[PDB]
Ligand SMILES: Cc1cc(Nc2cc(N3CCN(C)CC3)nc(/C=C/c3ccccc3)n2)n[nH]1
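Shown here is one chain on its own, the form solved without the ligand, set out as structure tokens.
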């Protein structure tokens, strides 16, 4: 009948994976998909049969990893755990292990590579009109969802090199870089990617004046659509192309206040393409 008081003595919703499981899944990290400024990308297959792309830090020792690195690592995982969109390269798990030093994030695998590759690499399979419209819409729906959630940090590197393509060429926008942009800037970037999808052309530097004058010639009324639109598309509907180029023009306006919101872009894009989510 008497008090006995004691005291105990000594963070997200996607699964933690053991390093041993990932070693098996990725053949001890021997199959490289690619690389970024902050990470290596490894191919694996989980015991379920689900194919994965594993983003792994370049850091090779706990001595080279700061408390800030750890904080940004957990922050990225927490924020991506709230995205599960058909047109996003979704986070499927993560692995932190100290021995040996491991900081990875496990993503959905996209078998058909990047949009940049398919648009610009000579040996890559070219995309037809409907494929390009599907990709364009998929991107817009992802970006709209991202903005709806209020998680734009995931789109800070958005361009054709960060959009991957599924087995039937649907878009998956990615965020593979370890976290270490206003929505008005993302809208502008969307317009540039849409222009790239339509024309097959991309700026060759930060100061591509010749490309600027060429695009300018179109918007000022001095270019036929046959000169603008990528010849590798094959046949295309003229008035649909016009309408999509108007979307581009709105998005890439030099005055950020004049650009549309991503929700408006997606609505307009659906009106034009008639492609639902």
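Residue numbers count along the first chain shown, from 1. The term rigid core refers to the maximal set of C-alpha atoms that superpose within 1.5 Å between the two forms. Residues that one form lacks are left out of the comparison.
Below, we turn to the form solved in complex with the ligand, even though it does not appear here.
Heavy atoms within 4.5 Å of the ligand in the deposited bound form are found in exactly one of 142-150, 103-111, 68-76, 123-131, that being 103-111. At a distance of at most 4.5 angstroms from the ligand in the deposited bound form, all three residues 33, 89 and 117 contribute at least one non-hydrogen atom. 176 is the sole member of 137, 95, 202, 176 with a non-hydrogen atom lying within 4.5 angstroms of the ligand in the deposited bound form. 41 is the sole member of 46, 41, 252, 244 with a non-hydrogen atom within 4.5 Å of the ligand in the deposited bound form. The closest heavy atom approach of residue 164 to the ligand in the deposited bound form falls within 4.5 Å.
At a distance threshold of 4.5 angstroms between non-hydrogen atoms, residue 53 is in contact with the ligand in the deposited bound form.
Residue showing a CA shift of 2 Å or more between the shown form and the other one (rigid core superposed; candidates 96, 125, 159, 128): 125. Note on residue 238 and residue 123: their C-alpha atoms are nearer in the deposited bound form, a change of at least 3 Å from this conformation. The distance between the CA atoms of residue 175 and residue 124 is at least 3 Å longer in the deposited bound form than in the form shown here. The protein segments that move between the shown form and the other one, counted as runs of at least three consecutive residues with every Cα displaced by 2 Å or more relative to the fitted core, are 11-13, 122-125, 211-213.
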